[PDB]
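Here the structure is laid out as structure tokens; the discussion comes afterwards.
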Amino acid sequence: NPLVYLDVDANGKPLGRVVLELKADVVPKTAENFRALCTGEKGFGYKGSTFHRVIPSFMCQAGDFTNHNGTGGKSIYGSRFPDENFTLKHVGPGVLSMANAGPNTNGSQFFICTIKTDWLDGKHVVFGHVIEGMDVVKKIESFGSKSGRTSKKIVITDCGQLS
Ligand SMILES: NCCOCCNC(=O)[C@@H]1CCNC(=O)CCC(=O)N2CCC[C@](Cc3ccccc3)(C2)C(=O)N[C@@H](Cc2ccc(-c3ccc(CCC(=O)O)cc3)cc2)C(=O)NCc2ccccc2CC(=O)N1
């Protein structure tokens, strides 16, 4: 399974690195989309974009590199793409899952859970998990709010593939 990284800052101050294992063994098409958006190999992707909605005791959401507000993004497949499967569950903190606007509306937006979000099982495609840097995720979460607006600008300053 590929390993990718997000290096995250808050108001320009580095918070550290999040390492994500992508479950290409279960959701290869969803894992590949995220991998390529981390490397930037198609000329666009996550680098320089933000965590735009962060809600404590819920999740940290990112990947809207077109509109920066939860309405946009772009997949590597030319259009919104189907839910590959709902095999993996939102079991706890550190789960990496696709944001969407209903069935079969996957793009580039994603979230990292900070609790078990079991009510999303069967609705959002889980495709990976944090293996290093959960403390960075908790730092991101600490800048969230009830509305999801962040108290500092949280940026993916760099991202890419490790292996
Ligand atoms: N329920 C029990 C108790 O739970 C309490 C905890 N709160 C919960 O469980 C809560 C409760 C319900 N609350 C909510 O849904 C919050 C919703 C919200 O913030 N927004 C703000 C932002 C825009 C809105 C409305 C919209 C959608 C679409 C376009 C324009 C406006 C609404 C929204 O929906 N945007 C989605 C992300 C999103 C992903 C992908 C795309 C997209 C895909 C493909 C392409 C082209 C690809 C190509 O061409 O290549 C382009 C775009 C667009 C939008 C959003 O944010 N979805 C919500 C969400 C995200 C992540 C995880 C979970 C959730 C559910 C949640 O948060 N649910």
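Just so it is clear, chain A uses Swiss-Prot numbers, and the residues here are 45-207, in order.
Looking at the header, which is where the method is noted, we find X-ray crystallography, 1.3 Å.
Any Cβ shown, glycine's included, is placed from N, Cα and C.
The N6-acetyllysine annotation in Swiss-Prot covers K67, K167. The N6-succinyllysine annotation in Swiss-Prot covers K67, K86, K190. Residues or ranges marked as S-nitrosocysteine by Swiss-Prot on the basis of similarity to another entry: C203.
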Which listed residue (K67, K86, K167) has most other Cβ within 10 Å, given these are modified residues: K67
Spatial separation of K190 (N6-succinyllysine) from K67 (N6-acetyllysine) - C-alpha basis, Å: 30
Other CB atoms, at most 10 A from the CB of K190 (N6-succinyllysine): 8
Candidate nearest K167 (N6-acetyllysine) in space, where candidates are the modified residues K86, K190, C203 and distance is Cα-Cα: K190
Distance from the residue listed as 'S-nitrosocysteine' back to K86 (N6-succinyllysine), taken between C-alpha atoms, in Å: 14
Collapsed DSSP category at the residue listed as 'S-nitrosocysteine': strand
Cβ neighbour count (within 10 Å, all chains shown) around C203 (S-nitrosocysteine): 22
Inter-residue Cα distance where the pair is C203 (S-nitrosocysteine) and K190 (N6-succinyllysine), in Å: 28
